[PDB]
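What follows is a single chain, given as structure tokens, in the form deposited in one PDB entry.
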């Protein structure tokens, strides 16, 4: 059959593997959301329109670069591209906007004739790392300047300094009033303003800088839906982000980025107070050995799956597509395996920010994700999500597991749920139904935010409330169905599970019913 149904029926996992078929075609409804980083290559309204058509669900604003007005315009261009489809409300796709904070970054300085200048740090060389503003524009083959004054106090003799995504390596030999004398361990070529990593050194930069508070308040005052909080090391780092957003930003989802050894080891306490997680493999693969990142990835996704909270896998997923129109075999493998790992979202960075094929990269992620979602061994995944989820007396969670068990029984095409904040939809999403979870909401922000929950397809209902409440409920269900037929999710003859509550307002989801599509 299609959607790898024979591999879904399998006795065992081994026999499930043996029955996967390249000829079996998947469902149109791709359920892992795609996050695209906005930059020069993806900033135009018309480019953004093609990225929404290819499947982008979350636009990422990287506040490591750009002014407040630069980002204000990209927010504007995105909202303009998005609302361009609002005329046909049965196809309208909400697109969320995420603010990715700069955080405690450390960067080198501008070199000799700044523009495009290159300097090769020869292996075996002596190089000085300086924090004197005189040497800030002074970069050469024996001098590097950094924007971290206290670097001279936290990197001991014998400590290793990484430059340019870890391809350059220095080892401190002496400390002096002129800075730190280092012997180059791993040479290479050095541009301007490259990131620096000090794994193991006790960096004293605050988790939330003075500009970060400014950036967060910007996002509140421009209406961002999601904050990606960089270099989160502890539960108190999430609290600072929460305070910074203040009462006006209480509705904003905080995804903590796990980027170093501390964040991995303090993982459980970070997840407890976050809304979700980003496995930030770039920084992570410099901070810990590269052959261990996948362990960190598979652990955090497992624990996020268990807890029911969104997990994002990020960085170098389709790296070569910066330059080439087709990805490497390792790159398609990587996207597929993050979907099979259980990730809710996958990310593109340079591939959409500055490469020559941003729309093709999104297309590629969409096509790989549809095949991989079909190849999940739902039989063991659902059974294990059931056993690991504790007993509950909340009617929303009880209705939710009932509806997912019901959806597997009839191979339902979808589970239509009414939700004010998204919570009813997220509780469905955490049992990983194969049926699409079609969330009908009046909340524009909730429509956007549910893109973090795998398998939730948001629909923004906008018609005004009807006189009788039960008629308003029925109308939104009918909106779910006809949006779903128009988008290819549903066909006449399908069964659908419909989830609703007994009274208006959030928190009262308690009804599940089985409907045939006529």
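Numbering follows the first chain given and starts at 1. Under this definition, the rigid core comprises the largest set of C-alpha atoms superposing within 1.5 Å between the forms.
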Query raised in the report: Given the B-factors recorded for C-alpha atoms, which segment has the greater mean, 361-369 or 212-220?
Result: 212-220
Report summary line: Higher of the two mean Cα B-factors (164-172, 303-311; per PDB record) comes from 164-172
Report summary line: Per the deposited B-factor column, the C-alpha that peaks among 343, 264, 414, 128 belongs to 128
Report summary line: The largest CA temperature factor among 150, 380, 421, 328 is found at 150
Requested in this report: Pull the Cα B-factor of residue 458 out of the PDB entry and bin it into the chain's lowest, middle or highest third.
Outcome: middle
Query - Ranked against its chain, the third holding the CA B-factor of residue 468 - result: highest
Report task. Divide the modelled residues of the chain into thirds by Cα B-factor and specify which third, lowest, middle or highest, holds residue 94. Result -> middle
Query raised in the report: Against its chain's modelled residues, does residue 28's Cα B factor rank lowest, middle or highest third?
Result: highest
**Report entry** For residue 187, the third of its chain into which the C-alpha B factor falls
**Finding:** highest
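Note that the form deposited in another entry isn't included here; everything after this is about it.
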Query raised in the report: Upon rigid core superposition, which of the listed residues (126, 356, 236, 328) is displaced by 2 angstroms or more at its Cα between the shown form and the other one?
Result: 126
Requested in this report: Tell me, please, whether between the shown form and the other one the C-alpha of residue 173 is shifted by 2 Å or more, with the rigid core used for superposition.
Outcome: yes
Query raised in the report: Superposing on the rigid core, is the CA of residue 135 displaced by 2 Å or more between the shown form and the other one?
Result: yes
